[PDB]
Amino acid sequence: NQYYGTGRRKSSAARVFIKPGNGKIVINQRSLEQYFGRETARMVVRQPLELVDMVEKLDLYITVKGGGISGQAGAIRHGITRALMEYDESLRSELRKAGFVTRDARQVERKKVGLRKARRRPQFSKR
Amino acid sequence: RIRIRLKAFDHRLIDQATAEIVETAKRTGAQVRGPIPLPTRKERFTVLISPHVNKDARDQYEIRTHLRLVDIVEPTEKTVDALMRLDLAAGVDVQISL
Amino acid sequence: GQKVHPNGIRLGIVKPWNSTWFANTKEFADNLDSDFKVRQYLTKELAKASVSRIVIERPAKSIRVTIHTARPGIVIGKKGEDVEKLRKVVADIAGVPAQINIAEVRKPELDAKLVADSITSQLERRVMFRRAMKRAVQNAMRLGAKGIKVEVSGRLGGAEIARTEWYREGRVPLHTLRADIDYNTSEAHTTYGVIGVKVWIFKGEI
Amino acid sequence: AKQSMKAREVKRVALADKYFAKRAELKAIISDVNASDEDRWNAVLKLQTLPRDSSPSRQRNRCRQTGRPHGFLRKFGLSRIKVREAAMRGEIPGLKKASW
Amino acid sequence: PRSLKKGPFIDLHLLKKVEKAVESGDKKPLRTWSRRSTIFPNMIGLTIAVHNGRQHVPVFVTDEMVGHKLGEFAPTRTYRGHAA
Amino acid sequence: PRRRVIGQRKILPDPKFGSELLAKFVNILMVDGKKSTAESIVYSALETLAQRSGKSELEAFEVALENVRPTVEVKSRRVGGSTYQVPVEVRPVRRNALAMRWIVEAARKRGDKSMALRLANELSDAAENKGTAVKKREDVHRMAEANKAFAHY
RNA sequence: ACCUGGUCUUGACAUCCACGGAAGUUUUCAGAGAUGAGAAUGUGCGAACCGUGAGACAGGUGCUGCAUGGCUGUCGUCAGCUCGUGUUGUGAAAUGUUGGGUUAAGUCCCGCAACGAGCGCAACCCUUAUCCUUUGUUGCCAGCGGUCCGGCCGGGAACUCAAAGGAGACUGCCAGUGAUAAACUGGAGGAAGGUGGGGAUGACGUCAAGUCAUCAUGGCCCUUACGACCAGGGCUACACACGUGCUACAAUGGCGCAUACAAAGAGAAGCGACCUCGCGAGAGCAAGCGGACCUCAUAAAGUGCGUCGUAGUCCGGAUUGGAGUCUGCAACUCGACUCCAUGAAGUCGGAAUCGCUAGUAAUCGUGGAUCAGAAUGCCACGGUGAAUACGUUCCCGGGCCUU
Ligand SMILES: [K+]
Ligand SMILES: [K+]
Ligand SMILES: [K+]
Ligand SMILES: [K+]
Ligand SMILES: [K+]
Ligand SMILES: [K+]
Ligand SMILES: [K+]
Ligand SMILES: [K+]
Ligand SMILES: [K+]
Ligand SMILES: [K+]
Ligand SMILES: [K+]
Ligand SMILES: [Mg+2]
Ligand SMILES: [Mg+2]
Ligand SMILES: [Mg+2]
Ligand SMILES: [Mg+2]
Ligand SMILES: [Mg+2]
Ligand SMILES: [Mg+2]
Ligand SMILES: [Mg+2]
Ligand SMILES: [Mg+2]
Ligand SMILES: [Mg+2]
Ligand SMILES: [Mg+2]
Ligand SMILES: [Mg+2]
Ligand SMILES: [Mg+2]
Ligand SMILES: [Mg+2]
Ligand SMILES: [Mg+2]
Ligand SMILES: [Mg+2]
Ligand SMILES: [Mg+2]
Ligand SMILES: [Mg+2]
Ligand SMILES: [Mg+2]
Ligand SMILES: [Mg+2]
Ligand SMILES: [Mg+2]
Ligand SMILES: [Mg+2]
Ligand SMILES: [Mg+2]
Ligand SMILES: [Mg+2]
Ligand SMILES: [Mg+2]
Ligand SMILES: [Mg+2]
Ligand SMILES: [Mg+2]
Ligand SMILES: [Mg+2]
Ligand SMILES: [Mg+2]
């Protein structure tokens with residue numbers, strides 16, 4: 001049947017649907033190479049598949065919202081990993097060994113009073 | 001169908017009104033859809049605390065407006081008159097739409 | 001240094017608001033200004049009625065004022081005569097139908113606003129500031145407070161150099177958010193200027 | 001603020017309502033694309049005759065409790081100082097110290 | 001500057017002052033505080049005395065002063081250089 | 001830091017070649033967080049370098065590193081009296097970090113057209129012990145040579 | 001709040017009394033206006049509301065922050081600061097609070113003439129990272145069924161999400177180490193591991209620190225004036241010196257075309273679509289929205305293709321001329337923005353000096369408060385996304401013991 005995974009990264013969240021196939025990937029009704037023009041983003045998306053050796057045994061249906069290129073690419077990689085574990089449960093050990101199961105919780109630090117940014121202070125002068 | 005939109009500064013006070021709006025409605029015939037938790041608004045304010053200078057010394061405040069949506073589909077006749085006379089608690093804004 | 005207001009920091013945690021209505025931007029500023037004029041009148045009229053807290057609500061095109069007090073008979077008067085005299089002034093000010101409710105402050109020795117006002121009236125009568133603060137602290141500790149702190153600042157005893165003095169008994173854990181800390185202030189207008197009083201009263205963690 | 005300065009704003013608020021409709025139709029003429037060229041001229045000259053204090057741009061928001069002309073906040077009608085005092089006393093509904 | 005669809009601005013009290021003196025031979029200086037008034041093609045000749053904050057300075061209106069405001073001919077600040 | 005609580009951060013391997021070594025070099029070259037702009041510059045210079053020699057992009061890159069990596073450097077050491085520039089052994093990781101930083105710094109100083117060409121001419125001279133970067137490695141070895149007497153402080 | 005001139009004196013703002021008058025509307029002249037003189041119309045429902053006349057008084061952003069309250073900065077989010085009883089000392093004082101370990105921590109354990117307690121630390125609060133339950137529109141689209149291919153429609157409650165209630169992390173588990181202690185080092189499981197990240201939270205006190213111009217207030221001072229009203233000017237001056245920023249000096253770029261991916265927020269005297277007109281800022285017409293619905297509102301960096309080819313340039317955009325738009329009684333002094341033309345310094349900055357340890361710095365856009373109009377400031381939001389930390393001798397600030 002269909003297998004599902006929810007992935008999140010920065011302000012992005014990806015819905016992933018995994019089913020046996022031949023290796024075709026759709027992201028927001030576009031192809032992988034059409035959606036992600038950045039070469040790093042394409043490698044991030046694939047990374048779980050090159051690891052478990054199920055690259056061309058599956059079909060990927062994926063919708064994403066929010067964030068940017070690297071966030072969505074990373075968000076898909078997380079939800080993909082959560083889909084494969086709903087597929088086979090013996091993959092958790094090798095996926096976690098690759099750092100793919102962890103939800104990356106790094107977010108933008110808020111701007112604070114008296115600072116120019118989250119941490120950049122205004123220029124100081126003794127006199 | 002009539003639309004029920006509920007506003008309040010306290011989400012505990014807003015759940016009391018919703019719990020008694022969807023209770024004085026299923027009894028009196030009509031059935032209900034919801035309640036729906038619409039997105040809370042967060043209005044923010046930043047003020048200088050010192051009466052004079054000290055620009056970096058500030059207090060940051062916030063008012064949260066909670067929102068609720070209740071759908072009374074197929075309103076019976078005993079249902080309608082059983083709504084304006086409920087008299088909800090203070091600090092709960094109620095808007096009736098048709 | 002400077003400390004956060006003990007009431008404000010707990011307003012959603014263990015302390016309730018003193019005004020509990022809802023309004024959009026269109027009338028939010030006008031409701032605040034009418035609450036101000038109402039409290040300004042009630043506080044001046046009921047100066048000798050031990051008014052601790054004036055809570056204002058606005059159900060629907062009407063205002064409901066709840067006066068917490070320790071001398072309710074003085075607030076009400078004979079057969080509800082006086083409480084009626086205010087129910088008219090409040091409607092005049094608020095511009096909506098008015099309704100007044102009288103709450104009971106039992107043990108005024110455990111209410112920060114009343115304790116602060118007690119000390120302040122004594123200072124305007126030229127009572128020794130030291131005697132007033134000790135009495136207030138001993139009273140509240142005897143009635144079962146878990147702690148109390150009283151602070152007095154200004155030209156104490158008409159001294160030329162102003163200073164601050166404070167006493168404390170029991171626990172007053174101001175950094176614990178879930179601590180029931182009743183806090184209020186008051187001002188005395190002596191012949192040498194203003195003396196400020198602050199009172200913290202701890203009643204147990206919730 | 002001084003008492004005189006407070007009374008200057010109540011006058012400017014009254015005069016802005018008494019001449020409200022009389023000011024709006026004059027600018028209707030002046031802004032009118034297909035009016036004439038001499039009534040426009042008359043409407044322009046007539047607008048200058050109304051007292052200056054009748055224009056809403058002559059008003060300055062002031063703290064409703066002190067009269068302070070700086071640090072105003074429209075949602076509360078108070079200066080930044082009085083907003084803080086009322087907020088900590090719990091006299092502003094729903095308003096608490098924010099943190100995110 | 002002022003939008004063309006509104007025409008140049010003129011203070012109405014000054015417009016009466018130039019009317020009552022172009023038809024007559026009044027060569028007396030016109031004392032005005034209306035530095036905001038555009039100079040019109042109708043008082044090329046007489047002297048308007050414009051206020052600069054502390055007195056009225058006479059400007060002899062010619063043709064080339066048309067389109068300018070009166071204040072452009074009455075400087076408000078007094079400068080002579082530092083240590084000069 | 002005083003407390004020594006600083007572990008290590010994982011770096012992704014570069015896309016085209018899967019070399020973490022090369023991915024750090026893109027990072028040293030990157031400005032303003034524009035990583036893709038730096039990825040392209042490195043790839044173009046690497047191909048000009050791959051056809052200027054017979055080796056692959058990597059083997060030509062390593063040969064450039066081997067001629068720029070310093071082995072010993074000098075660090076100051078204030079002790080009871082004055083400060084001597086003590087020669088210290090450069091740890092294997094810092095060897096690569098210094099080699100890359102000097103290459104990128106030397107290439108930015110040239111006067112060719114693009115940065116992809118400048119980086120190519122520096123990576124090529126580094127294979128022949130010419131140009132800056134390689135010279136910077138020579139100046140460091142000389143300083144550490146003239147201070148070998150202080151090799152116990 | 002200042003200046004010049006024009007003006008008032010129980011008074012612009014209160015109360016009291018006397019007397020006049022409903023209050024209001026509608027126009028004329030003089031004057032820069034304040035104001036003065038009128039001239040019409042209403043006279044309703046005492047007491048509203050106006051005018052005048054007296055004197056108690058009002059009024060003061062006038063002085064003293066070294067008379068004060070309140071509020072704030074600061075050492076410093078540093079780990080400290082104390083008290084009761086006991087004991088020691090003629091006494092000031094000491095002990096506790098020191099010691100052995102340990103911790104981010106006066107954190108904890110052990111010892112101990114101390115035994116206990118308080119204020120601080122931590123915890124309780126907000127937020128962010130995982131999951132569950134409920135609810136399913138204005139939000140959602142997996143399987144369906146149609147389709148103008150638009151979740152567009154029928155439906156669907158799965159999912160993303162919205163917001164309520166729960167679950168979760170405790171050095172709990174395992175091993176070693178250690179004084180059979182506190183703890184530490186590492187491993188497992190897990191979204192998260194040792195205070196998970198960020199915020200709020202500021203002990204006793206210090207600087208007679210800041211604020212009598214937010215407000216309040218003792219005292220002092222002015223009262224036909226230091227009070228009040230008006231017009232114009234000033235706070236925008238300019239040999240110069242400093243602080244904080246913005247934009248650059250270019251090719252990791254400029255310009256042209258095409259083409260992706262955000263978060264957060266605001267709106268009724270408001271936000272304003274569509275359409276048409278304008279080179280453009282805008283204009284006319286006019287929907288929708290008190291909003292998960294409508295509007296603001298195209299994110300930009302990015303990517304593809306072209307071009308420029310190292311030049312004071314197709315870099316840079318200061319300055320100035322001309323012509324306009326919009327807000328507003330009114331843009332001369334002194335507004336923002338648009339168009340055409342002009343095309344300054346500047347080619348990486350002396351001595352010196354500042355910020356930052358990770359989603360940080362750097363860089364890229366977006367919003368909001370104030371506000372008729374008027375941000376390169378402030379407050380907030382996401383996109384991209386580094387380098388480096390061997391170590392604690394030195395510089396600066398601080399903590400503990402000792403001399
Ligand atoms: K003070
Ligand atoms: K002794
Ligand atoms: K003792
Ligand atoms: K004073
Ligand atoms: K001015
Ligand atoms: K700036
Ligand atoms: K140029
Ligand atoms: K201007
Ligand atoms: K510089
Ligand atoms: K504005
Ligand atoms: K010492
Ligand atoms: Mg950012
Ligand atoms: Mg909203
Ligand atoms: Mg005053
Ligand atoms: Mg204004
Ligand atoms: Mg004068
Ligand atoms: Mg002081
Ligand atoms: Mg003794
Ligand atoms: Mg100590
Ligand atoms: Mg001691
Ligand atoms: Mg010890
Ligand atoms: Mg402790
Ligand atoms: Mg001990
Ligand atoms: Mg704490
Ligand atoms: Mg289908
Ligand atoms: Mg572990
Ligand atoms: Mg603070
Ligand atoms: Mg001082
Ligand atoms: Mg001073
Ligand atoms: Mg002063
Ligand atoms: Mg003026
Ligand atoms: Mg200024
Ligand atoms: Mg250019
Ligand atoms: Mg706005
Ligand atoms: Mg030059
Ligand atoms: Mg050049
Ligand atoms: Mg740090
Ligand atoms: Mg920016
Ligand atoms: Mg310590």
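In the text below, chain A, chain B and the rest are named by the order of the sequence lines, each starting its count at 1. Atoms considered below: every heavy atom in the structure, side chains included; atoms not considered: hydrogens, waters and symmetry mates.
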Between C1' on G/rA67 and CZ on C/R163, what's the gap in Å once rounded to a whole number? 14 Å
Given G/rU252, G/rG120, G/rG309, which nucleotide is nearest the side-chain atoms of F/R118? G/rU252
Closest of G/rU325, G/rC230, G/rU214 to the D/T66 side chain is G/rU214
Whole Å only: how far is the CZ atom of D/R84 from the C1' atom of G/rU211? 14 Å
Whole-angstrom distance between G/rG304 and G/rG385, as gauged at atom P: 15 Å
Between G/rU319 and G/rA237, how far apart are the two P atoms, rounded to whole Å? 15 Å
For C/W200, does the six-membered ring have the charged nitrogen or CZ of C/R168 within the cation-pi criterion, i.e. under 6.0 angstrom from the centroid and within 45° of the normal? no
Hey, is the side chain of C/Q2 pairing donor to acceptor with the base of G/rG73 inside 3.5 Å? yes
Distance check needed: G/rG5 P versus E/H56 NE2, whole Å only. 12 Å
Expected label for G/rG290 (glycosidic angle, syn inside 90° of 0, else anti) would be syn
Could a donor-acceptor pair under 3.5 angstrom be found where the side chain of A/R9 meets the base of G/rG359? yes
CG of E/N52 versus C1' of G/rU333: gap in Å, rounded? 11 Å
Candidates G/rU128, G/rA231, G/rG328 - which lies nearest the side chain of D/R52: G/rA231
Give a yes/no on whether any side-chain N or O of E/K69 is located under 4.0 angstrom from OP1 or OP2 of G/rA331. yes
The side chain of A/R121 is closest to which nucleotide in this list: G/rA358, G/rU217, G/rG355? G/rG355
Rounding to an integer number of Å, can you tell me how far E/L4 CG sits from G/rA283 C1'? 14 Å
Base stack present between G/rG312 and G/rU313, cut-offs 5.5 angstrom and 30 degrees: no
Mapping A/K19 and E/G71 onto RNA chain G by nearest heavy atom, which one lands closer to the 5' end? A/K19
Listed nucleotide nearest any side-chain atom of F/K113, set G/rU310, G/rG198, G/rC131: G/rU310
G/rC356 base / A/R119 side chain donor-acceptor hit below 3.5 Å: no
Syn/anti state for G/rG232 [syn: chi within 90° of 0]: anti
Looking at G/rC329, does its base get a donor-acceptor pair with the side chain of E/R36 below 3.5 Å? yes
Taking the same atom, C1', in G/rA273 and in G/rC293, what whole-Å distance lies between them? 14 Å
Ring of E/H51 versus six-membered ring of G/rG232: centres under 5.5 Å and planes under 30°? no
Out of G/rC131, G/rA67, G/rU252, which has the shortest distance to the side chain of A/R82? G/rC131
Determine the interplanar angle of the E/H56 and E/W33 rings, folded into 0 to 90°, and report it as parallel if under 30°, tilted if 30 to 60°, perpendicular if over 60°. perpendicular
Under the rule syn = chi within 90° of 0, otherwise anti, which is G/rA375? syn
Given the structure, check if the side chain of E/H82 and the base of G/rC238 hold any donor-acceptor pair shorter than 3.5 Å. yes
Counting side-chain heavy atoms from C-beta on, which of G/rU333, G/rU72, G/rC230 comes nearest to D/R8? G/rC230
Output the single nucleotide from G/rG328, G/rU137, G/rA158 whose closest atom is nearest the side chain of A/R15. G/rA158
Go through the steps for F/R94 and F/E73 under the test salt bridge (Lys or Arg N to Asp or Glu O under 4.0 Å), then give the verdict. CA-CA 11 Å; F/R94 189 166 165 74; F/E73 69 184 319; 3.2 Å; yes
Within the 4.0 Å heavy-atom criterion, would you say D/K22 contacts the bases, only the backbone, or no part of the nucleic acid? nothing
Considering only G/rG284, G/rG385, G/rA200, which nucleotide approaches the side chain of A/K10 most closely? G/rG385
Using a cut-off of less than 4.0 Å, is there contact between a side-chain N or O of C/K3 and OP1 or OP2 of G/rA203? yes
Among the nucleotides G/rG196, G/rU135, G/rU252, which one has an atom lying closest to any side-chain atom of F/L29? G/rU252
Please classify the nucleic acid contact of A/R96 as base, sugar-phosphate, or nothing, using heavy-atom distances under 4.0 Å. base
RNA chain G nearest-nucleotide lookup for D/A98 and B/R3: closer to the 5′ end is B/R3
Considering only heavy atoms and no angle criterion, is a donor-acceptor pair shorter than 3.5 Å present between the side chain of D/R68 and the base of G/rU61? no
For G/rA79 versus G/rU195, give the span between their P atoms, rounded off to a whole number of Å. 16 Å
Can you tell me whether the side chain of C/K26 and the base of G/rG270 have a donor-acceptor pair closer than 3.5 Å? no
Just by distance, with hydrogens left out, do A/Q72 and A/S12 show a side-chain donor and acceptor under 3.5 Å apart? no
Euclidean distance for P, G/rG278 against G/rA318 (whole angstrom): 31 Å
May I ask you to evaluate whether A/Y35 reaches the phosphate of G/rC261, defined as a side-chain N or O under 4.0 Å from OP1 or OP2? no
Span that lies between the P atom of G/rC121 and that of G/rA94, in whole angstrom: 26 Å
D/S99 (side chain) and G/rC126 (base): donor-acceptor pair under 3.5 Å: yes
Who does G/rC381 pair with, Watson-Crick or G-U, both distances under 3.5 Å? G/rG365
base_contact_polar (G/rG233 base, E/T76 side chain, donor-acceptor, <3.5 Å): no
P-based separation of G/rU97 from G/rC115 [nearest Å]: 8 Å
Which whole number of Å gives the distance between the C1' atom of G/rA262 and that of G/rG335? 35 Å
For the side chain of D/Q48 and the backbone of E/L12, is there at least one donor-acceptor N/O pair under 3.5 Å apart? yes
Tell me whether the side-chain N or O atoms of A/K117 pair up with the base of G/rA362 as donor and acceptor below 3.5 Å, since no angle test is needed here. yes
Spell out yes or no: do the side chain of A/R110 and the base of G/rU127 have one donor N/O and one acceptor N/O closer than 3.5 Å? no
Would you state whether a donor and an acceptor, one from the side chain of A/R106 and one from the base of G/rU360, lie under 3.5 Å apart? no
For the base of G/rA32 and the side-chain ring of E/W33, does the geometry meet a stacking cutoff of under 5.5 Å between centres and under 30° between planes? yes
Tell me whether G/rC229 sits syn or anti, counting syn as a glycosidic angle within 90° of 0. anti
